[PDB]
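Structure below is work.txt: compact mmCIF, C-alpha atoms and all ligand atoms.
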# COMPACT_ATOMS: atom_id res chain seq x y z
CA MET E 1 9.41 -14.56 14.09
CA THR E 2 6.01 -13.63 12.67
CA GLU E 3 5.33 -13.17 8.95
CA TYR E 4 3.46 -9.93 8.30
CA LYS E 5 1.32 -10.54 5.22
CA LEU E 6 1.02 -7.20 3.45
CA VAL E 7 -0.72 -6.67 0.10
CA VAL E 8 0.00 -3.58 -1.99
CA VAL E 9 -2.85 -2.37 -4.19
CA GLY E 10 -3.59 0.69 -6.29
CA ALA E 11 -3.91 1.93 -9.85
CA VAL E 12 -1.52 1.70 -12.80
CA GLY E 13 1.34 4.16 -12.92
CA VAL E 14 1.72 4.53 -9.17
CA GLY E 15 4.78 2.30 -9.03
CA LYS E 16 3.98 -0.24 -6.34
CA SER E 17 7.02 -2.45 -6.93
CA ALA E 18 9.10 0.73 -7.10
CA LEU E 19 8.59 1.27 -3.37
CA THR E 20 9.48 -2.35 -2.66
CA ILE E 21 12.77 -2.18 -4.58
CA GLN E 22 13.48 1.06 -2.73
CA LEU E 23 12.85 -0.69 0.60
CA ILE E 24 14.69 -3.93 -0.21
CA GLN E 25 17.98 -2.93 -1.87
CA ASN E 26 17.50 0.85 -1.65
CA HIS E 27 17.09 1.74 -5.32
CA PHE E 28 14.58 3.70 -7.40
CA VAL E 29 13.46 1.94 -10.57
CA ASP E 30 12.92 4.10 -13.66
CA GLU E 31 11.51 1.51 -16.04
CA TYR E 32 7.93 0.30 -15.56
CA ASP E 33 7.04 -3.38 -15.42
CA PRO E 34 3.57 -4.97 -15.68
CA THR E 35 3.88 -7.15 -12.60
CA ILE E 36 1.22 -9.86 -12.38
CA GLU E 37 2.25 -11.37 -9.06
CA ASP E 38 5.66 -11.14 -7.40
CA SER E 39 6.87 -12.32 -4.00
CA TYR E 40 9.00 -10.10 -1.75
CA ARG E 41 10.06 -11.34 1.67
CA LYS E 42 12.75 -9.89 3.93
CA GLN E 43 13.62 -10.13 7.62
CA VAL E 44 13.59 -6.66 9.16
CA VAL E 45 13.85 -5.42 12.74
CA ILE E 46 10.46 -3.89 13.55
CA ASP E 47 9.75 -2.52 17.04
CA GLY E 48 12.93 -4.18 18.22
CA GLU E 49 11.87 -7.69 17.22
CA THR E 50 12.92 -9.34 13.96
CA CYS E 51 9.84 -9.64 11.76
CA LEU E 52 9.30 -11.16 8.32
CA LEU E 53 8.07 -8.58 5.83
CA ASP E 54 5.91 -10.55 3.44
CA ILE E 55 4.94 -8.27 0.57
CA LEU E 56 2.71 -9.58 -2.21
CA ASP E 57 2.29 -7.59 -5.43
CA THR E 58 -0.83 -7.45 -7.59
CA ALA E 59 -1.60 -6.91 -11.27
CA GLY E 60 -3.04 -3.66 -12.57
CA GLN E 61 -5.27 -5.44 -15.07
CA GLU E 62 -8.96 -4.99 -14.27
CA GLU E 63 -9.61 -8.05 -16.43
CA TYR E 64 -8.77 -10.48 -13.62
CA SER E 65 -11.90 -9.71 -11.61
CA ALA E 66 -12.31 -13.40 -10.77
CA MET E 67 -8.78 -13.27 -9.36
CA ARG E 68 -9.14 -10.08 -7.31
CA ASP E 69 -12.06 -11.52 -5.35
CA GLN E 70 -10.72 -15.07 -5.32
CA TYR E 71 -8.14 -15.70 -2.59
CA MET E 72 -8.91 -12.41 -0.84
CA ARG E 73 -10.74 -14.48 1.78
CA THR E 74 -8.09 -13.44 4.28
CA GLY E 75 -6.17 -10.21 4.78
CA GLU E 76 -4.03 -8.98 7.65
CA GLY E 77 -2.34 -5.93 6.18
CA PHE E 78 -3.61 -3.82 3.30
CA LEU E 79 -1.57 -1.15 1.53
CA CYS E 80 -3.45 1.54 -0.40
CA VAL E 81 -0.98 3.71 -2.31
CA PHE E 82 -1.96 6.64 -4.50
CA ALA E 83 0.02 9.04 -6.67
CA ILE E 84 -0.44 12.82 -6.48
CA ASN E 85 0.81 12.96 -10.06
CA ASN E 86 -2.59 11.72 -11.18
CA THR E 87 -5.90 12.83 -9.68
CA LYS E 88 -7.61 9.74 -11.13
CA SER E 89 -5.61 7.47 -8.82
CA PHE E 90 -6.77 9.53 -5.84
CA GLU E 91 -10.40 9.11 -6.92
CA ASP E 92 -9.84 5.44 -7.76
CA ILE E 93 -8.98 4.89 -4.08
CA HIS E 94 -12.68 5.37 -3.25
CA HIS E 95 -13.57 2.41 -5.48
CA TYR E 96 -11.02 0.17 -3.76
CA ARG E 97 -12.16 1.52 -0.39
CA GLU E 98 -15.69 0.16 -0.74
CA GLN E 99 -14.49 -2.90 -2.68
CA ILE E 100 -12.20 -4.01 0.14
CA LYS E 101 -14.74 -2.97 2.78
CA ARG E 102 -17.37 -5.17 1.15
CA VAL E 103 -15.04 -8.17 0.82
CA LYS E 104 -13.61 -7.77 4.33
CA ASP E 105 -17.17 -7.41 5.70
CA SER E 106 -15.79 -4.98 8.27
CA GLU E 107 -15.12 -1.25 8.59
CA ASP E 108 -12.29 -0.97 11.10
CA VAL E 109 -9.02 -2.38 9.79
CA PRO E 110 -5.31 -1.35 10.06
CA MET E 111 -4.62 0.76 6.97
CA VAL E 112 -2.43 3.71 5.97
CA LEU E 113 -2.97 6.39 3.34
CA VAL E 114 0.37 6.69 1.60
CA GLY E 115 1.01 8.97 -1.34
CA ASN E 116 3.82 8.38 -3.84
CA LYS E 117 5.45 10.75 -6.38
CA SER E 118 5.28 13.58 -3.85
CA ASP E 119 8.54 15.02 -5.18
CA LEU E 120 7.06 15.37 -8.66
CA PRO E 121 6.13 18.93 -9.76
CA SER E 122 3.03 17.49 -11.44
CA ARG E 123 1.03 17.96 -8.23
CA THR E 124 -2.59 17.30 -9.15
CA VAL E 125 -3.54 16.31 -5.61
CA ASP E 126 -2.95 18.85 -2.86
CA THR E 127 -1.96 17.90 0.68
CA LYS E 128 -5.20 19.26 2.20
CA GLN E 129 -7.25 16.89 0.04
CA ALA E 130 -5.26 13.90 1.28
CA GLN E 131 -5.65 14.96 4.91
CA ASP E 132 -9.38 15.50 4.39
CA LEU E 133 -9.87 12.00 3.02
CA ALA E 134 -7.56 10.52 5.65
CA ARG E 135 -9.77 11.95 8.38
CA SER E 136 -12.87 10.40 6.81
CA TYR E 137 -11.17 7.05 6.16
CA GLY E 138 -9.99 7.02 9.76
CA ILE E 139 -6.38 6.33 8.80
CA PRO E 140 -3.19 8.47 8.93
CA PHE E 141 -1.56 9.99 5.85
CA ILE E 142 2.12 9.53 5.09
CA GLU E 143 3.79 11.34 2.19
CA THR E 144 6.33 9.03 0.55
CA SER E 145 8.73 9.37 -2.36
CA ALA E 146 10.62 6.55 -4.08
CA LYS E 147 12.87 8.86 -6.06
CA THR E 148 14.30 10.64 -3.02
CA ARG E 149 13.38 7.97 -0.45
CA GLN E 150 11.22 10.29 1.64
CA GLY E 151 10.58 8.33 4.84
CA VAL E 152 9.83 4.99 3.21
CA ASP E 153 10.52 2.76 6.23
CA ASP E 154 8.43 5.10 8.38
CA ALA E 155 5.37 4.23 6.29
CA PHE E 156 5.84 0.54 7.01
CA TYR E 157 6.76 0.67 10.70
CA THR E 158 3.48 2.50 11.35
CA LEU E 159 1.22 -0.04 9.61
CA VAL E 160 2.90 -2.89 11.49
CA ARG E 161 1.96 -1.26 14.80
CA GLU E 162 -1.59 -0.66 13.60
CA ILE E 163 -2.00 -4.40 13.05
CA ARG E 164 -0.73 -5.11 16.56
CA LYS E 165 -3.14 -2.47 17.86
CA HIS E 166 -6.07 -4.14 16.11
CA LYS E 167 -5.02 -7.51 17.51
CA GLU E 168 -4.01 -6.51 21.03
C1 LIG E 201 -1.39 -17.29 -2.64
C2 LIG E 201 -0.66 -18.15 -1.61
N1 LIG E 201 0.19 -19.14 -1.86
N2 LIG E 201 0.60 -19.61 -0.80
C3 LIG E 201 0.05 -18.98 0.24
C4 LIG E 201 -0.76 -18.04 -0.23
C5 LIG E 201 -1.62 -17.05 0.58
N3 LIG E 201 -0.85 -15.82 0.81
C6 LIG E 201 -1.40 -14.62 0.69
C7 LIG E 201 -2.74 -14.50 0.34
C8 LIG E 201 -3.32 -13.24 0.23
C9 LIG E 201 -2.55 -12.10 0.46
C10 LIG E 201 -1.22 -12.22 0.81
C11 LIG E 201 -0.64 -13.48 0.92
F1 LIG E 201 0.66 -13.60 1.26

Could you express the structure from this file as structure tokens?
Ligand SMILES: Cc1n[nH]cc1CNc1ccccc1F
Amino acid sequence: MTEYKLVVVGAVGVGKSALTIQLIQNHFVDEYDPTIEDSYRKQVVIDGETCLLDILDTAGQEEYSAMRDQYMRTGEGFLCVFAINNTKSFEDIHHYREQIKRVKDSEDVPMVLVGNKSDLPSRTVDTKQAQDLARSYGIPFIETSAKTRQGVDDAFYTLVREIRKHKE
């Protein structure tokens, strides 16, 4: 059994841990929590084989700059989630894009453009925009909702294959 190290990053108000809770025990959290660093591991059957889903959470505080670029010496799976409820988060993705690209020292890397809060009527980011950026980033776009559980597992199963594609 291999442990798939996946790191979820993004802006504040996207609800990163919300997707995790939805994927672990199948539940949508309403209350927001300022998570600094939480550990989430679960054995799931991916591609037929039992794999260990290692999900590490990150803080939304831009004050820990010396922590963001500290142990990020290694990285197998990156998760860039954005919310269509806020256009700033969509633009903030560009900052993380170059940030990670610079730290990774590479361009090609298994990634997925996932959008949360897609069921919210506060659509500030249209679908065309996401597809446009996805084409430039070179990664697929997957609309996901934690409130209605809109294909959550499908957004993970894809990334796992991408990693295996990059490796073999
Ligand atoms: C911290 C730490 N304590 N024990 C091992 C590690 C490294 N793990 C890890 C590092 C970066 C992204 C994702 C990860 F799971």

message: Hey, which residues sit close to ligand LIG 201 (chain E)? Say within 12 Å, counting all atoms listed in the file, and write them as a PyMOL selection string.
response: chain E and resi 3-9+37-41+52-58+67-79

Take the residues from that selection and write them out as a short mmCIF file (atom, residue, chain, number, x, y, z; two decimals), keeping the file's coordinate frame, keeping C-alpha atoms.
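part-v2.cif written:
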data_model
loop_
_atom_site.label_atom_id
_atom_site.label_comp_id
_atom_site.auth_asym_id
_atom_site.auth_seq_id
_atom_site.Cartn_x
_atom_site.Cartn_y
_atom_site.Cartn_z
CA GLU E 3 5.33 -13.17 8.95
CA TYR E 4 3.46 -9.93 8.30
CA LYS E 5 1.32 -10.54 5.22
CA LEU E 6 1.02 -7.20 3.45
CA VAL E 7 -0.72 -6.67 0.10
CA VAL E 8 0.00 -3.58 -1.99
CA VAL E 9 -2.85 -2.37 -4.19
CA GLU E 37 2.25 -11.37 -9.06
CA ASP E 38 5.66 -11.14 -7.40
CA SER E 39 6.87 -12.32 -4.00
CA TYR E 40 9.00 -10.10 -1.75
CA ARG E 41 10.06 -11.34 1.67
CA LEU E 52 9.30 -11.16 8.32
CA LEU E 53 8.07 -8.58 5.83
CA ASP E 54 5.91 -10.55 3.44
CA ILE E 55 4.94 -8.27 0.57
CA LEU E 56 2.71 -9.58 -2.21
CA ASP E 57 2.29 -7.59 -5.43
CA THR E 58 -0.83 -7.45 -7.59
CA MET E 67 -8.78 -13.27 -9.36
CA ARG E 68 -9.14 -10.08 -7.31
CA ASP E 69 -12.06 -11.52 -5.35
CA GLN E 70 -10.72 -15.07 -5.32
CA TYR E 71 -8.14 -15.70 -2.59
CA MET E 72 -8.91 -12.41 -0.84
CA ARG E 73 -10.74 -14.48 1.78
CA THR E 74 -8.09 -13.44 4.28
CA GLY E 75 -6.17 -10.21 4.78
CA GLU E 76 -4.03 -8.98 7.65
CA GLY E 77 -2.34 -5.93 6.18
CA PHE E 78 -3.61 -3.82 3.30
CA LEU E 79 -1.57 -1.15 1.53
#

#### Entry: Nearest to residue E:89, chosen from E:26, E:59, E:116, E:166, with only C-alpha atoms counted in the distances
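Once distances to residue E:89 are computed over only C-alpha atoms, the minimum belongs to E:116.
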
* Asked: Skipping near chain neighbours, those fewer than 3 positions away, what residues fall within 9 Å of residue E:122 using all atoms listed in the file, listed as a PyMOL selection string?
  -> chain E and resi 84-86+117-119+125

So that I can check the surroundings of residue E:83, please list as a ChimeraX atom specification every protein, DNA and RNA residue that reaches within 10 Å of it, counting all atoms listed in the file and ignoring chain neighbours fewer than 6 positions away.
/E:10-15,89-90,114-118,120,123-125,143-145

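In this model, the gap between atom CA of residue E:127 and atom CA of residue E:95 comes to 20.3 Å.
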
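Taking atom CA of residue E:121 as the reference point, atom CA of residue E:155 is found at 21.8 Å.
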